[PDB]
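*Asks:* Take a look at the following structure, please.
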Protein chains: 2
Amino acid sequence: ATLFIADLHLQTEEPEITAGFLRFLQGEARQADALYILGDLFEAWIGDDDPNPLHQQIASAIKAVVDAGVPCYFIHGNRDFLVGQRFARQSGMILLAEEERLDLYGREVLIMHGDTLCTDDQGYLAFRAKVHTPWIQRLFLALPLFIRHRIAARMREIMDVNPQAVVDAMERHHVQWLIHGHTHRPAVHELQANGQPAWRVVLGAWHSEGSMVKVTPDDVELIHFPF
Amino acid sequence: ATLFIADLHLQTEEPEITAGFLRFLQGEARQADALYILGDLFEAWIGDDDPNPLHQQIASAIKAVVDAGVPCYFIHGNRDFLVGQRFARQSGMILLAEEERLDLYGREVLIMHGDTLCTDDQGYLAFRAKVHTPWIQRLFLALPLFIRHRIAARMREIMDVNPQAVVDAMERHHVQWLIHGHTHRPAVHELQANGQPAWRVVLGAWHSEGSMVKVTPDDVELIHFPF
Ligand SMILES: CS(=O)(=O)Nc1cccc(C(=O)Nc2ccc(S(=O)(=O)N3CCN(c4cc(Cl)cc(Cl)c4)CC3)cc2)c1
Ligand SMILES: CS(=O)(=O)Nc1cccc(C(=O)Nc2ccc(S(=O)(=O)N3CCN(c4cc(Cl)cc(Cl)c4)CC3)cc2)c1
Ligand SMILES: [Mn+2]
Ligand SMILES: [Mn+2]
Ligand SMILES: [Mn+2]
Ligand SMILES: [Mn+2]
C-alpha cells in the first residue's frame, strides 16, 4: 500500500495532532511501500533555519520511517511552500513538484496539494504568484528570523476546487485518478475526464480525525481514523 | 474485522449500485468476521411478498455470504422498516433492534440507523410513530400488492442528528463509540459522553462511492471506496 496524507497543519498550539501524527508514523506508515505528504504538513513555515523544536521532532519521526526502508515524499502546500532542502535532509524526505504523475502498481495517479485547482479565488492566486517568485522567497529568507516571525504574526473558509480546472489537470496528465488535499472536504468524487470515468479522491485535515488514501494494486480507499 | 454499511438505497433504477454491492459481498465481506447493515438497504419496501426480482438477487448474494461463515445482521431504516422475517430467512440475515450495543473485540459500540437521533424533525417523528404501530403495519400489509404499489407511488435534504439526542443515546448505553447512517454525511465526530471522549462514526450513502466502517481490536476506520 502507498499512503497519502495532507493538511496536518502541525503546530505547537495543537500537540494532540502531533502525537496523533507520531503514532501514525510509528505504526501504519512502517507497513507502507511509500508515504506521500501532499502539503500543509505545517501550519506555517518561515524557513529551514527556524530552531522551533517541533520542526526537529517531526523531521526526526519522519526520518526514522525513511530509515525503516519506507520512502517519504513531500509536495508543498500554501502554508509550507518555504519548506526546503535542509528540512528534506533532516527528515529524509524527497521534495517533489507541485504536480506529479505516479505509476501506482500499474495505475496512473495525479497528485498535488490541490490549491492550484481553486482558480475561482482570484486573490489567493495573486498571493501564490508572488510568494513563488524565487527572488521574493530569497529576499524573505535573508531577513533575520525575528523579523520573519513579526512579518508572519502581523499577517494574522477555504474556496473549493473549480470543477473545470480539475478536468483540465486530469486531461493534461491523461489520468483517471487524482489525489489532493487543501480543500479540507474529504470525499471521493466521480467525473468525466479523457472521455472516461475519473475519480478525484480528497484528503481531509487533521483535527479530531486523521485521514489517508491507501492505494493498492486493486483498490483506492479514503480512510478516516479518530485518534 | 467487523464491517458496517448502510444507506445503499438499492433499486431497479440504479443497477450500478447493485453491482457495486454484489462485488463488495463477493469480496471484502467474505474476509469479515461479521457484516452489519444499519438500514436503508432498500430504497423502498412494501412487504416480504413483493416478487421484485431485485429482492431475490440481493437476498441470494447475502445468503451466500452467511453460507460462507460470515454472519450478516440488519437494523431497519426509515425506507425499509417493513423488511421482515421471510426476507431474513431468504437472505440468512438476522434482524436486530433499532439500537444494539455490541462488544467488538472488547470495545462497546452502539449501532443504530440514525434516524431516531434526528429529533428536530418534528414531522418525521409523526410519520415514524405511526408506521411503527403494529396494527398500522398489519393493515398495510394485508392490502393487495397492487394497492401497496399505488399507495407507495402516490407518496412521491435530510435533517442531521440533534447533538443532545446523540449524547443521551451514548449515555443511556454507557458507550464511547456510536456507528450510524441515515444522515448521508460520512464523517468521524468527537464529543463528550459519560464525561469522557466519545466518537460518532457516520456511514455514507452509496451513489458514486460505497462506504463502510471497519472495527478491529485496535482501530475504528471509516472507509470510502469508489466503484
Ligand atoms: C485559498 S486559501 O488558502 O483558502 N486562502 C488564502 C489566501 C491568501 C493567502 C493564504 C495563506 O496561505 N497565507 C499564509 C499566511 C502565512 C503563512 S506563513 O507560513 O506564516 N509564512 C509563509 C512565508 N511568508 C512569506 C512572506 C513574504 Cl513577504 C514573502 C514570502 Cl516569499 C513568504 C510569511 C508567512 C503562509 C501562508 C490563504
Ligand atoms: C427525516 S427524513 O427521512 O429526512 N424525511 C422523511 C420524512 C417523512 C417520511 C420519510 C420516509 O421515509 N418516507 C417513506 C416513503 C416511502 C416509503 S416506501 O418504502 O415506499 N413504503 C413503506 C411502507 N409504507 C407504508 C404506508 C402505510 Cl399507509 C402504512 C405503513 Cl405501516 C407503511 C408505504 C410506502 C418509505 C418511507 C422521510
Ligand atoms: Mn490545509
Ligand atoms: Mn492548503
Ligand atoms: Mn438513507
Ligand atoms: Mn435513512
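Scheme for the C-alpha cells: letters A, B, ... for chains in order shown; per-chain residue numbers from 1; ligand numbers from 1 in order shown.
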At a cut-off of 9 Å, using only C-alpha atoms, what residues contact residue 35 of chain A? Leave out same-chain residues fewer than 4 positions from it and give the result as a list in words.

*Replies:* residues 2, 3, 4, 5, 29, 70, 71, 72, 73 and 74 of chain A

*Asks:* Please identify all protein, DNA and RNA residues within 6 Å of ligand 4, counting only C-alpha atoms and all ligand atoms, and report them as a PyMOL selection string.

*Replies:* chain A and resi 40+77-78+182

*Asks:* Within 7 Å of ligand 5 (counting only C-alpha atoms and all ligand atoms), which residues show up? I'd like them as JSON, numbers by chain.

*Replies:* {"B": [7, 9, 40, 181, 182, 183, 184, 205]}

*Asks:* For ligand 3, list the contacting residues at 12 Å or closer, counting only C-alpha atoms and all ligand atoms, as a VMD selection string.

*Replies:* chain A and resid 5 to 10 37 to 44 76 to 81 113 to 115 157 to 160 180 to 186 202 to 207

*Asks:* When you get a sec, could you note down which chain B residues fall within 8 Å of chain A, using only C-alpha atoms, as a list in words?

*Replies:* residues 187, 188, 189, 190, 199, 208, 209, 219, 220, 221, 222, 223, 224, 225 and 226 of chain B

*Asks:* Quick one: distance from atom CA of residue 218 of chain B to atom CA of residue 102 of chain B in Å, one decimal?

*Replies:*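 Separating atom CA of residue 218 of chain B from atom CA of residue 102 of chain B is a distance of 15.5 Å.
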
*Asks:* Please extract the residues at most 9 Å from ligand 2, counting only C-alpha atoms and all ligand atoms, and provide them as a ChimeraX atom specification, using the chain letters and residue numbers of this document.

*Replies:* /B:42-47,77-82,115-116,118-119,121-128,130-141,148-149,151-160,182-183

*Asks:* Using the selection just defined, write its residues with N, CA and C atoms as a CSV table (one decimal), in the first residue's frame.

*Replies:*
```
chain,number,residue,atom,x,y,z
B,42,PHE,N,-32.6,-0.9,1.2
B,42,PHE,CA,-33.5,-0.8,0.0
B,42,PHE,C,-34.2,0.6,0.0
B,43,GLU,N,-34.4,1.2,-1.2
B,43,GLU,CA,-34.9,2.5,-1.4
B,43,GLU,C,-36.4,2.5,-0.9
B,44,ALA,N,-37.0,1.4,-0.9
B,44,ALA,CA,-38.4,1.2,-0.6
B,44,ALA,C,-38.7,-0.3,-0.3
B,45,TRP,N,-39.7,-0.5,0.5
B,45,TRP,CA,-40.1,-1.9,0.8
B,45,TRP,C,-41.6,-1.8,1.1
B,46,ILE,N,-42.4,-2.7,0.5
B,46,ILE,CA,-43.8,-2.8,0.7
B,46,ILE,C,-44.2,-4.2,1.2
B,47,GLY,N,-43.3,-5.0,1.6
B,47,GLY,CA,-43.5,-6.3,2.2
B,47,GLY,C,-42.7,-7.4,1.6
B,77,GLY,N,-34.0,0.8,8.5
B,77,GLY,CA,-34.0,2.2,8.3
B,77,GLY,C,-35.5,2.7,8.1
B,78,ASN,N,-35.6,4.0,7.8
B,78,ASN,CA,-36.9,4.6,7.6
B,78,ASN,C,-37.4,4.2,6.3
B,79,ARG,N,-36.6,3.7,5.3
B,79,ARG,CA,-37.0,3.4,4.0
B,79,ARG,C,-37.6,1.9,4.0
B,80,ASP,N,-36.9,1.1,4.8
B,80,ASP,CA,-37.2,-0.4,4.7
B,80,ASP,C,-37.5,-1.0,6.0
B,81,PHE,N,-38.3,-0.3,6.9
B,81,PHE,CA,-38.8,-0.8,8.1
B,81,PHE,C,-39.7,-2.0,8.0
B,82,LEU,N,-40.2,-2.3,6.8
B,82,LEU,CA,-41.2,-3.4,6.6
B,82,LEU,C,-40.4,-4.6,6.3
B,115,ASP,N,-31.8,7.5,12.4
B,115,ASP,CA,-33.0,8.4,12.2
B,115,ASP,C,-33.7,8.8,13.5
B,116,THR,N,-33.5,7.9,14.5
B,116,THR,CA,-34.1,8.2,15.8
B,116,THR,C,-33.4,9.4,16.5
B,118,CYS,N,-32.5,12.2,14.9
B,118,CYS,CA,-32.9,13.4,14.2
B,118,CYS,C,-34.2,14.0,14.8
B,119,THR,N,-34.1,14.3,16.0
B,119,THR,CA,-35.3,14.7,16.8
B,119,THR,C,-35.8,16.1,16.5
B,121,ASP,N,-36.7,17.0,13.6
B,121,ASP,CA,-37.7,16.8,12.5
B,121,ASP,C,-38.9,16.3,13.2
B,122,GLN,N,-39.6,17.2,13.8
B,122,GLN,CA,-41.0,17.1,14.4
B,122,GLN,C,-41.8,16.1,13.5
B,123,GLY,N,-41.9,16.3,12.2
B,123,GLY,CA,-42.9,15.8,11.4
B,123,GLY,C,-42.5,14.4,10.9
B,124,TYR,N,-41.2,14.1,10.8
B,124,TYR,CA,-40.8,12.7,10.5
B,124,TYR,C,-41.1,11.8,11.7
B,125,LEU,N,-41.0,12.4,12.9
B,125,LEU,CA,-41.3,11.6,14.1
B,125,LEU,C,-42.8,11.3,14.2
B,126,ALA,N,-43.6,12.1,13.6
B,126,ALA,CA,-45.0,11.7,13.4
B,126,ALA,C,-45.1,10.5,12.6
B,127,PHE,N,-44.6,10.6,11.3
B,127,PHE,CA,-44.6,9.5,10.4
B,127,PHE,C,-44.1,8.2,11.0
B,128,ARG,N,-43.0,8.3,11.7
B,128,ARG,CA,-42.3,7.1,12.2
B,128,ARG,C,-43.1,6.5,13.3
B,130,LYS,N,-46.3,6.5,13.6
B,130,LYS,CA,-47.4,5.8,13.0
B,130,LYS,C,-47.0,4.5,12.3
B,131,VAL,N,-45.9,4.6,11.5
B,131,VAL,CA,-45.6,3.4,10.6
B,131,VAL,C,-45.0,2.3,11.5
B,132,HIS,N,-44.7,2.6,12.8
B,132,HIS,CA,-44.1,1.6,13.7
B,132,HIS,C,-45.2,1.0,14.6
B,133,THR,N,-46.4,1.5,14.6
B,133,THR,CA,-47.6,0.9,15.3
B,133,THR,C,-47.9,-0.5,14.6
B,134,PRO,N,-47.8,-1.6,15.2
B,134,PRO,CA,-48.0,-2.9,14.6
B,134,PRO,C,-49.3,-3.0,13.7
B,135,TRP,N,-50.4,-2.5,14.3
B,135,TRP,CA,-51.7,-2.7,13.6
B,135,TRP,C,-51.8,-1.8,12.4
B,136,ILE,N,-51.0,-0.7,12.3
B,136,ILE,CA,-50.9,0.1,11.1
B,136,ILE,C,-50.0,-0.7,10.1
B,137,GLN,N,-49.0,-1.5,10.5
B,137,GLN,CA,-48.2,-2.3,9.6
B,137,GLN,C,-49.0,-3.4,9.0
B,138,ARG,N,-49.7,-4.1,9.9
B,138,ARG,CA,-50.5,-5.3,9.6
B,138,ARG,C,-51.6,-5.0,8.6
B,139,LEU,N,-52.3,-3.9,8.9
B,139,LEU,CA,-53.3,-3.3,8.0
B,139,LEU,C,-52.7,-3.1,6.6
B,140,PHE,N,-51.5,-2.4,6.5
B,140,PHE,CA,-50.9,-2.1,5.3
B,140,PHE,C,-50.6,-3.3,4.5
B,141,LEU,N,-50.1,-4.3,5.2
B,141,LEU,CA,-49.5,-5.5,4.6
B,141,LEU,C,-50.6,-6.4,4.1
B,148,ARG,N,-50.7,-1.6,-2.5
B,148,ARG,CA,-49.5,-1.2,-1.8
B,148,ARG,C,-48.6,-0.4,-2.8
B,149,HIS,N,-48.4,-0.8,-4.0
B,149,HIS,CA,-47.6,-0.1,-5.0
B,149,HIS,C,-48.2,1.2,-5.3
B,151,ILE,N,-50.1,3.0,-3.3
B,151,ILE,CA,-50.0,3.8,-2.2
B,151,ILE,C,-48.6,4.4,-2.1
B,152,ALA,N,-47.6,3.5,-2.4
B,152,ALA,CA,-46.2,3.9,-2.4
B,152,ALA,C,-45.9,5.0,-3.4
B,153,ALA,N,-46.3,4.8,-4.7
B,153,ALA,CA,-46.0,5.8,-5.8
B,153,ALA,C,-46.7,7.1,-5.5
B,154,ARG,N,-47.9,7.0,-5.0
B,154,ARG,CA,-48.7,8.2,-4.7
B,154,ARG,C,-48.0,9.1,-3.6
B,155,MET,N,-47.1,8.4,-2.8
B,155,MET,CA,-46.4,9.0,-1.7
B,155,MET,C,-45.3,9.9,-2.2
B,156,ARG,N,-45.0,9.9,-3.5
B,156,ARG,CA,-44.0,10.8,-4.1
B,156,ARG,C,-44.5,12.2,-4.3
B,157,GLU,N,-33.5,16.8,1.2
B,157,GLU,CA,-32.4,17.2,2.2
B,157,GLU,C,-32.8,16.6,3.6
B,158,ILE,N,-31.9,15.8,4.1
B,158,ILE,CA,-32.1,15.0,5.3
B,158,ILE,C,-31.6,15.8,6.5
B,159,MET,N,-32.5,16.0,7.4
B,159,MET,CA,-32.2,16.6,8.7
B,159,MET,C,-31.1,15.8,9.4
B,160,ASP,N,-30.1,16.5,9.9
B,160,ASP,CA,-28.9,15.9,10.6
B,160,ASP,C,-29.3,15.6,12.1
B,182,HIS,N,-28.0,7.0,7.9
B,182,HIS,CA,-29.2,7.8,7.8
B,182,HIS,C,-29.0,9.2,7.3
B,183,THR,N,-28.1,9.9,7.9
B,183,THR,CA,-27.9,11.4,7.6
B,183,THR,C,-27.2,11.6,6.3
```

*Asks:* Using DSSP assignments from the backbone, pull out every residue in segment 8-221 of chain A that falls under strand (DSSP E) and give it to me as a PDB file with C-alpha atoms, in the first residue's frame.

*Replies:*
```pdb
ATOM      1  CA  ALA A  34       5.893   4.693   0.482  1.00  0.00           C
ATOM      2  CA  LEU A  35       4.315   7.764   2.138  1.00  0.00           C
ATOM      3  CA  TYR A  36       3.377  10.941   0.250  1.00  0.00           C
ATOM      4  CA  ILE A  37       2.597  14.092   2.214  1.00  0.00           C
ATOM      5  CA  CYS A  72       8.663   9.649   2.287  1.00  0.00           C
ATOM      6  CA  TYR A  73       7.781  12.349  -0.272  1.00  0.00           C
ATOM      7  CA  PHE A  74       6.503  15.894   0.057  1.00  0.00           C
ATOM      8  CA  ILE A  94      12.402  13.916  -1.010  1.00  0.00           C
ATOM      9  CA  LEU A  95      10.798  17.167  -2.260  1.00  0.00           C
ATOM     10  CA  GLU A  99       2.059  18.171  -9.748  1.00  0.00           C
ATOM     11  CA  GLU A 100       3.445  14.652 -10.064  1.00  0.00           C
ATOM     12  CA  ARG A 101       2.101  11.701 -12.055  1.00  0.00           C
ATOM     13  CA  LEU A 102       2.738   8.423 -10.289  1.00  0.00           C
ATOM     14  CA  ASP A 103       2.508   4.889 -11.527  1.00  0.00           C
ATOM     15  CA  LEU A 104       0.972   3.056  -8.563  1.00  0.00           C
ATOM     16  CA  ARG A 107      -2.337   2.729 -12.092  1.00  0.00           C
ATOM     17  CA  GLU A 108      -1.517   6.275 -13.237  1.00  0.00           C
ATOM     18  CA  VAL A 109      -2.394   8.808 -10.497  1.00  0.00           C
ATOM     19  CA  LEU A 110      -2.063  12.601 -10.459  1.00  0.00           C
ATOM     20  CA  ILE A 111      -1.140  14.058  -7.030  1.00  0.00           C
ATOM     21  CA  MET A 112      -0.964  17.704  -5.961  1.00  0.00           C
ATOM     22  CA  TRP A 177      -7.162   9.248 -10.876  1.00  0.00           C
ATOM     23  CA  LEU A 178      -6.379  12.398  -8.844  1.00  0.00           C
ATOM     24  CA  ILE A 179      -5.459  12.712  -5.143  1.00  0.00           C
ATOM     25  CA  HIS A 180      -5.205  16.097  -3.411  1.00  0.00           C
ATOM     26  CA  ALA A 187     -14.644  12.756  -0.235  1.00  0.00           C
ATOM     27  CA  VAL A 188     -14.492  10.620  -3.366  1.00  0.00           C
ATOM     28  CA  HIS A 189     -15.846  12.406  -6.432  1.00  0.00           C
ATOM     29  CA  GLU A 190     -16.738  10.911  -9.801  1.00  0.00           C
ATOM     30  CA  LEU A 191     -16.270  12.840 -13.046  1.00  0.00           C
ATOM     31  CA  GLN A 192     -15.569  12.569 -16.765  1.00  0.00           C
ATOM     32  CA  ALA A 193     -12.004  13.123 -17.922  1.00  0.00           C
ATOM     33  CA  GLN A 196     -13.859   8.132 -19.403  1.00  0.00           C
ATOM     34  CA  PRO A 197     -14.975   7.762 -15.743  1.00  0.00           C
ATOM     35  CA  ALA A 198     -12.479   9.508 -13.480  1.00  0.00           C
ATOM     36  CA  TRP A 199     -12.185   9.844  -9.698  1.00  0.00           C
ATOM     37  CA  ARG A 200     -10.921  12.664  -7.508  1.00  0.00           C
ATOM     38  CA  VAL A 201     -10.036  11.462  -4.009  1.00  0.00           C
ATOM     39  CA  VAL A 202      -9.798  14.303  -1.492  1.00  0.00           C
ATOM     40  CA  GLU A 209      -9.580  12.796  12.957  1.00  0.00           C
ATOM     41  CA  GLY A 210      -6.662  11.866  10.782  1.00  0.00           C
ATOM     42  CA  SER A 211      -7.149  10.705   7.202  1.00  0.00           C
ATOM     43  CA  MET A 212      -5.231   8.924   4.458  1.00  0.00           C
ATOM     44  CA  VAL A 213      -5.645   7.498   0.979  1.00  0.00           C
ATOM     45  CA  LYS A 214      -4.424   3.928   0.574  1.00  0.00           C
ATOM     46  CA  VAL A 215      -3.580   2.735  -2.928  1.00  0.00           C
ATOM     47  CA  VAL A 220      -8.082   3.183  -3.818  1.00  0.00           C
ATOM     48  CA  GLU A 221      -9.598   3.819  -0.351  1.00  0.00           C
TER      49      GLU A 221
END
```

*Asks:* Find the spatial neighbours of segment 57-63 of chain A, counting only C-alpha atoms, within a cut-off of 6 Å - ignore same-chain residues fewer than 2 positions away - and output them as a VMD selection string.

*Replies:* chain A and resid 54 to 55 65 to 67 90 to 92

*Asks:* Report, in Å to a single decimal, how far apart atom CA of residue 120 of chain A and atom 18 (S, counted along the ligand's line) of ligand 1 are.

*Replies:* 21.9 Å

*Asks:* DSSP on the backbone: what in segment 150-226 of chain B comes out helix (DSSP H, G or I), as a list in words?

*Replies:*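 Result set for segment 150-226 of chain B (helix (DSSP H, G or I)): residues 150, 151, 152, 153, 154, 163, 164, 165, 166, 167, 168, 169, 170, 171 and 172 of chain B.
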
*Asks:* Work out how far atom CA of residue 49 of chain B is from atom CA of residue 87 of chain B, in Å to one decimal.

*Replies:* 8.7 Å
